[PDB]
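All remarks here apply to the structure that follows.
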Amino acid sequence: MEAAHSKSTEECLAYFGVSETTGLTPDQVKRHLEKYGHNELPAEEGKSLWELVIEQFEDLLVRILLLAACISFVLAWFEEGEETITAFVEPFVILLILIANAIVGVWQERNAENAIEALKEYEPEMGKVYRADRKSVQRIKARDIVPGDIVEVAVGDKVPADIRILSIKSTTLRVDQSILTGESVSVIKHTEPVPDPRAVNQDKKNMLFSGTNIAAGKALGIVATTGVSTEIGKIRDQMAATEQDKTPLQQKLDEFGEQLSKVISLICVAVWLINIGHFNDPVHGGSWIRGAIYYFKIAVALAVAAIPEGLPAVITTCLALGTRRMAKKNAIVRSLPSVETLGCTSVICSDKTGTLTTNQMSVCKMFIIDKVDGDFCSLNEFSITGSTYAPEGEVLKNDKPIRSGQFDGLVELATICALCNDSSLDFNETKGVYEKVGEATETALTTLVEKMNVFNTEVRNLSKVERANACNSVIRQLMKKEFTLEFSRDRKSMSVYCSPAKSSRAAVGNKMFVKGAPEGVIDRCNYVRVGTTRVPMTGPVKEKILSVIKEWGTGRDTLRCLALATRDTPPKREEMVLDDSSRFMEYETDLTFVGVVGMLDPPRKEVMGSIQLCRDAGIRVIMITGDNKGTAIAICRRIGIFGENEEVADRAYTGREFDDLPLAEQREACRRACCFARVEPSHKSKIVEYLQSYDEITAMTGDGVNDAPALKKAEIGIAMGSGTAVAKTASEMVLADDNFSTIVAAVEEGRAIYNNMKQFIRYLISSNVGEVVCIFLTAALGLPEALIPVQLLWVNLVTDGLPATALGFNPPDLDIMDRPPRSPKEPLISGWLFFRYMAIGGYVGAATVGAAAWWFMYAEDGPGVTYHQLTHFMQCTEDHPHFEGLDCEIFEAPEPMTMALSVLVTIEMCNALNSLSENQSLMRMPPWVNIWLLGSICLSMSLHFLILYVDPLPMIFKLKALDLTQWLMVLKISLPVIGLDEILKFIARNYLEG
Ligand SMILES: C/C=C(/C)C(=O)O[C@H]1C(C)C2[C@H]([C@@H]1OC(=O)CCCCCCC)[C@@](C)(OC(C)=O)C[C@H](OC(=O)CCCc1ccc(O)c(CCCCCCNC(=O)OC(C)(C)C)c1)[C@@]1(O)[C@H]2OC(=O)[C@@]1(C)O
Ligand SMILES: [K+]
Ligand SMILES: [Mg+2]
């Protein structure tokens, strides 16, 4: 395996010591394979149902629950025969929760798809090699190809390994590197080595990357590297080495787990400490077993009271909902947990072309020199109407319409555009529109031609179909395209050698038409065509040319410029070696400049404002383009990244400038920069790590497989709907319309989602707090079980689940986007808020406990044990002659529990209205504000009633319907909550800062 692109064909045949005609010898193959391994990507990690299930049972809370599920299972295995049969329902349900919860997690992961797996979609199953053991070619399994052996590839074939090309068996070799480099059009490959050893893939012209397809031709080559060592394998590793943090809310959930675990434990110790006097009781097992059973069944209750068993159910459903809500807006969220992290984006890095602009090129300014008379000079600027690739528009000089033909200079310019260009136009009748056939910038020159047909060649009486390439093909027939010197990033330009065809044109026969970067080509021009004549390119004329070139790329126009020239006396045909990108630059010299063409890549409509939104939203936007920084910066000003007069010294760098900086300044640059032009692949990944060293949540756009590494490391990777599948499977979200503004819209829903989501979480949590309080008093005072596990779960999954999810539909704040990005480390409940719930729980804990006790003593239905130990109720059948002239079974009664459970239920509907706003009073933000809320509160109540009356139910919950007067008591107990909160809110509102 090597750096073959820089090495020569021999040197490579040398390195491996393999014969180009024999290939590797069967021995060499065994040796080579055992030294370089199979040519395939690392096997998938092996996870089994077992591990997968065990993982479900790793969470701390899930364990705490599983444990209680047993104390319960055993306790229920100790009931009194017929006194109870429903005994086994408490433990059975907890399991269903855990069983359910597991089943989810597993189905969740089975349906998951690995971004690293997608890559394997780019590995051919078979390949063709030439080995010593046979004369003819052999079609083996890609996996068995080895670095060194000879391989031949042809059209259709997907490249197997990273190959250095030895000799092209065809006239030309075209490859589709789209995925790995991002060049839609098939490029041309050669055999000559590339000097630079640190070259980027795009410039390795003698290289075949594994996974890319061969568009046209057939060639032979020696395998540079295989497996994880190939260009794609290097990506697989960056991705496999990339580790992703958990959603801040996912973190908070682990945080809350550890903590709850502590508290519960302390509660136990406290509870034990309270009932310490028991160490001063007569020594004899007077319910030694009846007392332990008691605590254990309080333990299990205490557990289901502290854990919000329906919260993950609610969050998952709120996320799924908003998700669809976004889909309608072209934002396809792949992972639900992300809708949150999205909301916290502080930096968005977007590619320019496909997303910030339309990528729908069009030329709207031309200019040909009009006169050179020493120092005096005058150009001929023009403007061209139309943004579409449609052959409709006109040409104007000072806004005044013109027939292009009248200018000789334009007749030349025009041809160059049709001849040099490989692209073309087509018109699909189904959609009734003109379509770009080749590349955006060339296919533009195509429509430019059409719109200015120099010869007036009448075409009006044509259909749109044929109208598409009319004026080009006109010029296509005039000259004969002999051969083309393709584009090369060194000389930044391409050309075409042309013959006159039919005689009478013989004189000035062979010509050479060039088009490339202005500074580039113009420095190679010794002449300038003024009409049909020519004149020595002089300094004055050159300054004037390069001056206009800058107003066009730097001015409010933000135009990309193409210099069009011509070599009048082109080197003799045979004196040219048409297969070495290196010499083409030398063949494209001694040129006479004819004129430049300025085209535009219009920014999308909804982009300007989207950029403004981010300003208000405190989100930094960083552009990633291919433009030079001169125009890059212009485009950045045009859309809003920069002000029109804003300084940009240390806020816009280039791929080189950046690299030329020491790791320190490099880092410093990233916290201020915004426009990054001509950026290599490695970069996207460095810029992310730096933005991270500043604790920022960044977003990164990408389309191809080369972006996957970066996308997988950005907090939120955004893939293009039009982009590769690997890219998509690597990102958290996808943009159907590839439109940057879709990103922003997405971020806003994230802030909206987390806001509502925020509340129902605070809501379900407080209720769990109050539930615990109840249990704590129940045991701290030795009272009869006020609330039972079975009941609690109902209230936690259903009675509170409905109000909870509804709170997810709270009307969004109007200023959501006028506030900076949320801090991930922001706790959900602290300070003053902590206290309110500290007080609310403290309340319901009292309301629930007391509600039940009040039935025992003080009620007309219940036996007033009033101000006498209801508490020592356990020692009762024995001690009855003392303080018990009644039946020791009242305590098992349903009325009492059915009391607390009702006060709990009504207090949780009341606390659901208090959760409509953290600090706004209901008198201000009335409950009717959120209809869904009220509706569910009805569904909930009726559900409560259902389990009270419909016969089968009451029995299992240990609940007996209570009459019209007991109910009124529930109200006199619950309702005060609303007031307690209004007060506590009023405090926040008016004294404590805020
Ligand atoms: C909870 C109950 C109790 C008793 C408790 O003691 O709770 C503790 C506790 C741990 C807290 C404290 C509270 O302290 C007390 O109540 C003291 C009073 C004790 C009185 C004793 C005598 C009566 C909270 C609560 O107190 C107050 C006033 O809200 C405040 C905070 O809660 C938060 O922010 C929440 C937002 C973060 C947060 C965000 C997302 C979440 O999903 C969660 C909780 C849900 C985790 C998953 C559970 C659901 N299901 C599940 O796991 O598995 C299933 C699906 C069931 C299978 C929390 C936390 O401070 C939290 O610990 C944290 O790390 C914080 C800083 O989050
Ligand atoms: K990621
Ligand atoms: Mg790209």
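Each chain in the structure tokens gets a letter, A, B and so on, in the order shown; residues start at 1 in every chain, and ligands are counted from 1 in the order they appear.
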
Tell me which protein, DNA and RNA residues are within 9 Å of residue A:638, counting only C-alpha atoms, leaving out same-chain ones fewer than 3 positions away, and put them as a PDB file with C-alpha atoms, in the first residue's frame.
```pdb
ATOM      1  CA  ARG A 556     -23.043  44.182  -4.755  1.00  0.00           C
ATOM      2  CA  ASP A 557     -23.326  41.952  -7.868  1.00  0.00           C
ATOM      3  CA  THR A 558     -21.260  39.114  -6.344  1.00  0.00           C
ATOM      4  CA  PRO A 603     -29.320  33.321  -3.201  1.00  0.00           C
ATOM      5  CA  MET A 608     -31.980  36.658   3.514  1.00  0.00           C
ATOM      6  CA  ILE A 633     -16.976  37.753   1.339  1.00  0.00           C
ATOM      7  CA  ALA A 634     -19.161  39.579  -1.206  1.00  0.00           C
ATOM      8  CA  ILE A 635     -21.741  36.782  -1.121  1.00  0.00           C
ATOM      9  CA  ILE A 641     -23.481  37.256   7.197  1.00  0.00           C
ATOM     10  CA  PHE A 642     -21.569  40.549   6.942  1.00  0.00           C
ATOM     11  CA  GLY A 643     -22.653  44.182   6.866  1.00  0.00           C
ATOM     12  CA  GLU A 644     -22.043  46.087   3.647  1.00  0.00           C
TER      13      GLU A 644
END
```

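Where the distance criterion is 7 Å and the atoms used are only C-alpha atoms and all ligand atoms, the residues close to ligand 2 are residues 244, 711, 712, 713, 714, 715, 716, 717, 731 and 732 of chain A.
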
All strand (DSSP E or B) residues (DSSP, backbone) inside stretch 127-211 of chain A, as a VMD selection string | chain A and resid 127 to 131 138 to 141 150 to 154 158 162 to 167 174 to 176 187 to 188 207 to 208 210

Pull N, CA, C and O atoms from the residues just selected and write them as a short mmCIF file (atom, residue, chain, number, x, y, z; two decimals), in the first residue's frame.
```cif
data_model
loop_
_atom_site.label_atom_id
_atom_site.label_comp_id
_atom_site.auth_asym_id
_atom_site.auth_seq_id
_atom_site.Cartn_x
_atom_site.Cartn_y
_atom_site.Cartn_z
N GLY A 127 -14.45 -8.51 -8.64
CA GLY A 127 -13.49 -7.65 -9.31
C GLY A 127 -12.72 -8.45 -10.35
O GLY A 127 -12.76 -9.68 -10.32
N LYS A 128 -12.02 -7.78 -11.26
CA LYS A 128 -11.25 -8.48 -12.30
C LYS A 128 -9.73 -8.27 -12.15
O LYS A 128 -9.25 -7.13 -12.10
N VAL A 129 -8.99 -9.37 -12.09
CA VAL A 129 -7.54 -9.31 -11.92
C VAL A 129 -6.76 -10.14 -12.93
O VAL A 129 -7.31 -11.00 -13.62
N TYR A 130 -5.47 -9.88 -12.98
CA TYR A 130 -4.56 -10.61 -13.85
C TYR A 130 -3.45 -11.17 -12.98
O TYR A 130 -2.61 -10.44 -12.46
N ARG A 131 -3.48 -12.49 -12.81
CA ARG A 131 -2.49 -13.17 -12.00
C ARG A 131 -1.68 -14.18 -12.79
O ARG A 131 -2.14 -14.71 -13.81
N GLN A 138 -9.24 -13.00 -14.71
CA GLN A 138 -10.07 -13.74 -13.75
C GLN A 138 -10.93 -12.83 -12.89
O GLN A 138 -10.46 -11.84 -12.33
N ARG A 139 -12.20 -13.20 -12.78
CA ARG A 139 -13.19 -12.45 -12.02
C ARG A 139 -13.33 -13.02 -10.60
O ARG A 139 -14.15 -13.90 -10.35
N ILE A 140 -12.53 -12.49 -9.67
CA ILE A 140 -12.58 -12.96 -8.30
C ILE A 140 -13.46 -12.10 -7.39
O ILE A 140 -14.12 -11.17 -7.84
N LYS A 141 -13.46 -12.43 -6.10
CA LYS A 141 -14.25 -11.69 -5.12
C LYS A 141 -13.46 -10.51 -4.56
O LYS A 141 -12.39 -10.70 -3.96
N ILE A 150 -2.46 -6.83 -10.34
CA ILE A 150 -2.99 -6.13 -11.49
C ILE A 150 -4.48 -6.28 -11.64
O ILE A 150 -5.03 -7.38 -11.54
N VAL A 151 -5.14 -5.17 -11.91
CA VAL A 151 -6.57 -5.18 -12.08
C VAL A 151 -6.99 -4.31 -13.24
O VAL A 151 -6.40 -3.26 -13.49
N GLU A 152 -8.02 -4.77 -13.95
CA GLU A 152 -8.57 -4.03 -15.07
C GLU A 152 -10.02 -3.74 -14.73
O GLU A 152 -10.73 -4.60 -14.20
N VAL A 153 -10.45 -2.52 -15.05
CA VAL A 153 -11.81 -2.06 -14.78
C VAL A 153 -12.38 -1.41 -16.03
O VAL A 153 -11.63 -0.82 -16.81
N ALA A 154 -13.68 -1.53 -16.23
CA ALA A 154 -14.31 -0.93 -17.40
C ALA A 154 -15.65 -0.28 -17.06
O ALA A 154 -16.03 -0.21 -15.89
N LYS A 158 -17.80 -0.90 -10.55
CA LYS A 158 -17.66 -0.07 -9.37
C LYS A 158 -16.22 -0.39 -8.93
O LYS A 158 -15.85 -1.56 -8.82
N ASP A 162 -8.21 0.94 -4.06
CA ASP A 162 -7.69 2.22 -4.50
C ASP A 162 -6.57 1.84 -5.45
O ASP A 162 -5.56 1.24 -5.07
N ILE A 163 -6.78 2.18 -6.72
CA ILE A 163 -5.88 1.82 -7.80
C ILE A 163 -5.09 2.94 -8.47
O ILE A 163 -5.63 4.02 -8.74
N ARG A 164 -3.82 2.67 -8.74
CA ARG A 164 -2.96 3.61 -9.47
C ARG A 164 -3.10 3.12 -10.92
O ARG A 164 -2.94 1.92 -11.20
N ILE A 165 -3.40 4.03 -11.84
CA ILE A 165 -3.59 3.63 -13.22
C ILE A 165 -2.29 3.41 -13.97
O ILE A 165 -1.42 4.27 -13.97
N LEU A 166 -2.17 2.25 -14.60
CA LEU A 166 -0.97 1.88 -15.35
C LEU A 166 -1.04 2.25 -16.84
O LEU A 166 -0.11 2.84 -17.38
N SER A 167 -2.14 1.90 -17.50
CA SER A 167 -2.31 2.23 -18.91
C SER A 167 -3.78 2.17 -19.29
O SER A 167 -4.49 1.21 -18.95
N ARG A 174 -13.21 8.04 -18.17
CA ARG A 174 -14.06 8.91 -17.35
C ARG A 174 -14.52 8.19 -16.09
O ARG A 174 -14.91 7.02 -16.15
N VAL A 175 -14.52 8.90 -14.96
CA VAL A 175 -14.94 8.30 -13.68
C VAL A 175 -15.93 9.16 -12.92
O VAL A 175 -15.89 10.39 -12.99
N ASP A 176 -16.81 8.51 -12.16
CA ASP A 176 -17.80 9.21 -11.36
C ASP A 176 -17.39 9.24 -9.88
O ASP A 176 -17.72 8.33 -9.12
N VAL A 187 -14.99 12.81 -14.37
CA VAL A 187 -13.71 13.45 -14.71
C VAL A 187 -12.84 12.53 -15.56
O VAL A 187 -13.13 11.34 -15.70
N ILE A 188 -11.77 13.11 -16.12
CA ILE A 188 -10.83 12.38 -16.97
C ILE A 188 -9.57 11.99 -16.19
O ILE A 188 -9.04 12.79 -15.43
N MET A 207 -5.51 8.42 -10.23
CA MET A 207 -6.05 7.57 -9.18
C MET A 207 -7.49 7.09 -9.30
O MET A 207 -8.38 7.85 -9.68
N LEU A 208 -7.71 5.82 -8.96
CA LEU A 208 -9.05 5.23 -8.97
C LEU A 208 -9.46 4.93 -7.54
O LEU A 208 -8.88 4.04 -6.90
N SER A 210 -11.79 3.45 -4.59
CA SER A 210 -12.74 2.35 -4.42
C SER A 210 -14.15 2.81 -4.08
O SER A 210 -14.36 3.58 -3.14
#
```

Quick one: everything within 9 Å of residue A:487, counting only C-alpha atoms, minus sequence neighbours fewer than 6 positions away in the same chain. Send it as a PyMOL selection string.
-> chain A and resi 493-495+516+581

Check stretch 700-749 of chain A with DSSP on the backbone and list each residue it calls alpha helix (DSSP H), as a PDB file with N, CA and C atoms, in the first residue's frame.
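New file part_6.pdb:
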```pdb
ATOM      1  N   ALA A 708     -19.458  12.717   5.731  1.00  0.00           N
ATOM      2  CA  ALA A 708     -19.908  11.867   6.836  1.00  0.00           C
ATOM      3  C   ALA A 708     -19.075  12.005   8.109  1.00  0.00           C
ATOM      4  N   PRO A 709     -17.742  12.028   7.983  1.00  0.00           N
ATOM      5  CA  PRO A 709     -16.907  12.162   9.178  1.00  0.00           C
ATOM      6  C   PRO A 709     -17.302  13.405   9.945  1.00  0.00           C
ATOM      7  N   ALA A 710     -17.319  14.534   9.235  1.00  0.00           N
ATOM      8  CA  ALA A 710     -17.697  15.830   9.803  1.00  0.00           C
ATOM      9  C   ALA A 710     -19.111  15.790  10.351  1.00  0.00           C
ATOM     10  N   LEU A 711     -20.058  15.380   9.513  1.00  0.00           N
ATOM     11  CA  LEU A 711     -21.446  15.295   9.946  1.00  0.00           C
ATOM     12  C   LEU A 711     -21.598  14.485  11.230  1.00  0.00           C
ATOM     13  N   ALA A 725     -26.691   8.485   0.370  1.00  0.00           N
ATOM     14  CA  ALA A 725     -27.409   7.812   1.448  1.00  0.00           C
ATOM     15  C   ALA A 725     -26.539   7.711   2.687  1.00  0.00           C
ATOM     16  N   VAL A 726     -25.242   7.513   2.483  1.00  0.00           N
ATOM     17  CA  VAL A 726     -24.363   7.406   3.622  1.00  0.00           C
ATOM     18  C   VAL A 726     -24.411   8.705   4.379  1.00  0.00           C
ATOM     19  N   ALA A 727     -24.357   9.814   3.649  1.00  0.00           N
ATOM     20  CA  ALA A 727     -24.402  11.122   4.297  1.00  0.00           C
ATOM     21  C   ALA A 727     -25.652  11.250   5.163  1.00  0.00           C
ATOM     22  N   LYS A 728     -26.787  10.840   4.609  1.00  0.00           N
ATOM     23  CA  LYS A 728     -28.044  10.925   5.326  1.00  0.00           C
ATOM     24  C   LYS A 728     -28.018  10.088   6.570  1.00  0.00           C
ATOM     25  N   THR A 729     -27.649   8.829   6.432  1.00  0.00           N
ATOM     26  CA  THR A 729     -27.629   7.961   7.596  1.00  0.00           C
ATOM     27  C   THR A 729     -26.635   8.410   8.664  1.00  0.00           C
ATOM     28  N   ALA A 730     -25.826   9.408   8.342  1.00  0.00           N
ATOM     29  CA  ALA A 730     -24.830   9.892   9.284  1.00  0.00           C
ATOM     30  C   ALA A 730     -25.300  11.146   9.974  1.00  0.00           C
ATOM     31  N   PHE A 740     -31.227  26.095   3.013  1.00  0.00           N
ATOM     32  CA  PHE A 740     -30.707  26.472   4.320  1.00  0.00           C
ATOM     33  C   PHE A 740     -31.804  26.973   5.254  1.00  0.00           C
ATOM     34  N   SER A 741     -32.729  27.773   4.735  1.00  0.00           N
ATOM     35  CA  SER A 741     -33.809  28.324   5.552  1.00  0.00           C
ATOM     36  C   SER A 741     -34.647  27.261   6.254  1.00  0.00           C
ATOM     37  N   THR A 742     -34.583  26.032   5.750  1.00  0.00           N
ATOM     38  CA  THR A 742     -35.305  24.925   6.357  1.00  0.00           C
ATOM     39  C   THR A 742     -34.627  24.599   7.664  1.00  0.00           C
ATOM     40  N   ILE A 743     -33.318  24.804   7.701  1.00  0.00           N
ATOM     41  CA  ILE A 743     -32.553  24.541   8.909  1.00  0.00           C
ATOM     42  C   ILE A 743     -33.133  25.430   9.980  1.00  0.00           C
ATOM     43  N   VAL A 744     -33.044  26.741   9.769  1.00  0.00           N
ATOM     44  CA  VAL A 744     -33.563  27.724  10.721  1.00  0.00           C
ATOM     45  C   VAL A 744     -34.978  27.393  11.215  1.00  0.00           C
ATOM     46  N   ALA A 745     -35.887  27.085  10.292  1.00  0.00           N
ATOM     47  CA  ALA A 745     -37.250  26.729  10.682  1.00  0.00           C
ATOM     48  C   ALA A 745     -37.183  25.572  11.669  1.00  0.00           C
ATOM     49  N   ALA A 746     -36.381  24.574  11.336  1.00  0.00           N
ATOM     50  CA  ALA A 746     -36.242  23.432  12.208  1.00  0.00           C
ATOM     51  C   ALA A 746     -35.804  23.860  13.610  1.00  0.00           C
ATOM     52  N   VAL A 747     -34.748  24.668  13.708  1.00  0.00           N
ATOM     53  CA  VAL A 747     -34.249  25.133  15.001  1.00  0.00           C
ATOM     54  C   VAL A 747     -35.325  25.793  15.840  1.00  0.00           C
ATOM     55  N   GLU A 748     -36.169  26.605  15.209  1.00  0.00           N
ATOM     56  CA  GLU A 748     -37.252  27.280  15.924  1.00  0.00           C
ATOM     57  C   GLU A 748     -38.261  26.299  16.543  1.00  0.00           C
ATOM     58  N   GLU A 749     -38.619  25.237  15.825  1.00  0.00           N
ATOM     59  CA  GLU A 749     -39.551  24.251  16.374  1.00  0.00           C
ATOM     60  C   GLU A 749     -38.896  23.539  17.553  1.00  0.00           C
TER      61      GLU A 749
END
```

Just the residues within 7 Å of stretch 330-341 of chain A, please, counting only C-alpha atoms, with nothing from its chain fewer than 2 positions along; format it as an mmCIF file with N, CA, C and O atoms, in the first residue's frame.
```cif
data_model
loop_
_atom_site.group_PDB
_atom_site.id
_atom_site.type_symbol
_atom_site.label_atom_id
_atom_site.label_comp_id
_atom_site.auth_asym_id
_atom_site.auth_seq_id
_atom_site.Cartn_x
_atom_site.Cartn_y
_atom_site.Cartn_z
ATOM 1 N N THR A 247 -27.961 13.479 24.512
ATOM 2 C CA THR A 247 -28.793 14.668 24.545
ATOM 3 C C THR A 247 -28.698 15.180 25.974
ATOM 4 O O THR A 247 -28.696 14.394 26.924
ATOM 5 N N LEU A 319 -42.067 14.217 21.011
ATOM 6 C CA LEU A 319 -41.029 14.321 19.997
ATOM 7 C C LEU A 319 -41.578 13.812 18.658
ATOM 8 O O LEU A 319 -41.469 14.492 17.636
ATOM 9 N N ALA A 320 -42.190 12.629 18.667
ATOM 10 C CA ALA A 320 -42.761 12.064 17.446
ATOM 11 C C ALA A 320 -43.759 13.032 16.822
ATOM 12 O O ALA A 320 -43.820 13.180 15.601
ATOM 13 N N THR A 323 -42.081 16.074 15.324
ATOM 14 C CA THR A 323 -41.323 15.538 14.207
ATOM 15 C C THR A 323 -42.144 15.589 12.930
ATOM 16 O O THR A 323 -41.696 16.138 11.923
ATOM 17 N N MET A 326 -42.653 18.867 11.585
ATOM 18 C CA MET A 326 -41.530 19.432 10.848
ATOM 19 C C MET A 326 -41.466 18.877 9.455
ATOM 20 O O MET A 326 -41.149 19.595 8.523
ATOM 21 N N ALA A 327 -41.750 17.587 9.326
ATOM 22 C CA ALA A 327 -41.738 16.919 8.026
ATOM 23 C C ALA A 327 -42.535 17.750 7.037
ATOM 24 O O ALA A 327 -42.135 17.923 5.888
ATOM 25 N N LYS A 328 -43.674 18.261 7.480
ATOM 26 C CA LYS A 328 -44.468 19.078 6.591
ATOM 27 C C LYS A 328 -43.621 20.259 6.098
ATOM 28 O O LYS A 328 -43.800 20.723 4.978
ATOM 29 N N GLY A 343 -32.542 22.495 19.055
ATOM 30 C CA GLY A 343 -32.995 23.735 19.652
ATOM 31 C C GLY A 343 -31.897 24.561 20.280
ATOM 32 O O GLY A 343 -32.042 25.782 20.422
ATOM 33 N N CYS A 344 -30.797 23.910 20.638
ATOM 34 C CA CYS A 344 -29.696 24.618 21.268
ATOM 35 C C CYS A 344 -28.543 25.003 20.333
ATOM 36 O O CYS A 344 -27.485 25.443 20.801
ATOM 37 N N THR A 345 -28.729 24.854 19.026
ATOM 38 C CA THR A 345 -27.664 25.198 18.091
ATOM 39 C C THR A 345 -27.199 26.631 18.283
ATOM 40 O O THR A 345 -28.015 27.556 18.300
ATOM 41 N N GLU A 732 -28.349 13.789 11.694
ATOM 42 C CA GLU A 732 -29.529 13.741 12.561
ATOM 43 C C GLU A 732 -30.756 14.241 11.825
ATOM 44 O O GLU A 732 -31.871 13.816 12.110
ATOM 45 N N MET A 733 -30.550 15.144 10.879
ATOM 46 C CA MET A 733 -31.664 15.687 10.120
ATOM 47 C C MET A 733 -31.355 15.818 8.626
ATOM 48 O O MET A 733 -30.197 15.967 8.237
ATOM 49 N N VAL A 734 -32.391 15.765 7.795
ATOM 50 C CA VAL A 734 -32.217 15.886 6.356
ATOM 51 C C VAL A 734 -33.062 17.018 5.758
ATOM 52 O O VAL A 734 -34.187 17.248 6.187
ATOM 53 N N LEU A 735 -32.529 17.731 4.774
ATOM 54 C CA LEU A 735 -33.285 18.821 4.161
ATOM 55 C C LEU A 735 -33.826 18.416 2.805
ATOM 56 O O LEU A 735 -33.068 18.387 1.833
ATOM 57 N N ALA A 736 -35.117 18.115 2.722
ATOM 58 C CA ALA A 736 -35.699 17.729 1.443
ATOM 59 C C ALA A 736 -35.332 18.773 0.376
ATOM 60 O O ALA A 736 -34.702 18.452 -0.641
ATOM 61 N N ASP A 737 -35.693 20.029 0.620
ATOM 62 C CA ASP A 737 -35.395 21.099 -0.331
ATOM 63 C C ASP A 737 -33.952 21.603 -0.305
ATOM 64 O O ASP A 737 -33.626 22.574 -0.983
ATOM 65 N N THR A 742 -34.583 26.032 5.750
ATOM 66 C CA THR A 742 -35.305 24.925 6.357
ATOM 67 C C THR A 742 -34.627 24.599 7.664
ATOM 68 O O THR A 742 -35.260 24.163 8.616
ATOM 69 N N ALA A 746 -36.381 24.574 11.336
ATOM 70 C CA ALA A 746 -36.242 23.432 12.208
ATOM 71 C C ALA A 746 -35.804 23.860 13.610
ATOM 72 O O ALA A 746 -36.436 23.468 14.589
ATOM 73 N N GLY A 750 -37.568 23.487 17.532
ATOM 74 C CA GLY A 750 -36.835 22.834 18.598
ATOM 75 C C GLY A 750 -36.954 23.626 19.877
ATOM 76 O O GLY A 750 -37.076 23.066 20.960
ATOM 77 N N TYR A 754 -39.016 22.127 23.076
ATOM 78 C CA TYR A 754 -38.404 22.042 24.398
ATOM 79 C C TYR A 754 -39.091 22.924 25.405
ATOM 80 O O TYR A 754 -39.024 22.670 26.596
#
```

If you take only C-alpha atoms and all ligand atoms and a cut-off of 7 Å, which residues of chain A touch ligand 3, and what are their nearest atom pairs and distances in Å to one decimal, in chain and number order, as CSV?
```
residue,atom,partner,partner_atom_place_in_ligand_line,distance
A:182,CA,ligand 3,1 (Mg),5.3
A:702,CA,ligand 3,1 (Mg),5.5
A:703,CA,ligand 3,1 (Mg),5.2
A:704,CA,ligand 3,1 (Mg),5.6
A:707,CA,ligand 3,1 (Mg),6.6
```

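Residue nearest ligand 1 within the list A:892, A:696, A:254, A:245: A:254 [criterion: smallest interatomic distance, only C-alpha atoms and all ligand atoms].
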
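As for atom CA of residue A:236 and atom CA of residue A:41, they are spaced 7.9 Å apart.
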
Within 6 Å of ligand 1, counting only C-alpha atoms and all ligand atoms, residues as an MDAnalysis selection string | chainID A and resid 61:62 97:98 101 249 252:253 255:256 259:260 263 306:312 766 768:769 772:773 776 827:829 834:835 837:838

Residues near stretch 978-988 of chain A, cut-off 9 Å, only C-alpha atoms, skip fewer than 6 positions along chain, as a ChimeraX atom specification | /A:832-833,836,839-840,907,910-911,913-914,918-923,994

Close residues, residue A:819 itself excluded, 8 Å, only C-alpha atoms, min 4 positions apart in chain, as a list in words = residues 616, 617, 618 and 815 of chain A

File dump, residues just selected, N, CA, C and O atoms, as a compact mmCIF listing (two decimals), in the first residue's frame:
```
# COMPACT_ATOMS: atom_id res chain seq x y z
N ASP A 616 -31.11 37.56 15.48
CA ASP A 616 -31.98 37.75 16.63
C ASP A 616 -31.92 36.53 17.55
O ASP A 616 -31.99 36.65 18.77
N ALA A 617 -31.77 35.36 16.96
CA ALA A 617 -31.70 34.14 17.73
C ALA A 617 -30.31 33.87 18.31
O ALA A 617 -30.07 32.79 18.86
N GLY A 618 -29.41 34.84 18.20
CA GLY A 618 -28.07 34.67 18.74
C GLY A 618 -27.30 33.48 18.19
O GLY A 618 -26.42 32.93 18.86
N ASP A 815 -41.72 35.59 21.31
CA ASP A 815 -40.32 35.98 21.22
C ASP A 815 -39.29 34.84 21.22
O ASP A 815 -38.10 35.08 21.40
```

Residues within 8 Å of stretch 455-465 of chain A, only C-alpha atoms, excluding chain neighbours under 4 positions, as a PyMOL selection string | chain A and resi 403+405+426-429+470-471

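Checking A:224, A:900, A:231, A:304 one by one against residue A:67, counting only C-alpha atoms, you find the shortest gap at A:304.
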
Rounded to one decimal in Å, what is the spacing between atom CA of residue A:811 and atom CA of residue A:315?
-> 17.4 Å

Dump as a tab-separated table the rows for residues of stretch 714-761 of chain A within 7 Å of stretch 800-808 of chain A: closest atom pair and distance in Å with one decimal, only C-alpha atoms counted, ordered by chain and rising residue number.
```
residue	atom	partner	partner_atom	distance
A:756	CA	A:808	CA	4.6
A:757	CA	A:808	CA	5.4
A:759	CA	A:807	CA	6.9
A:760	CA	A:804	CA	5.0
```
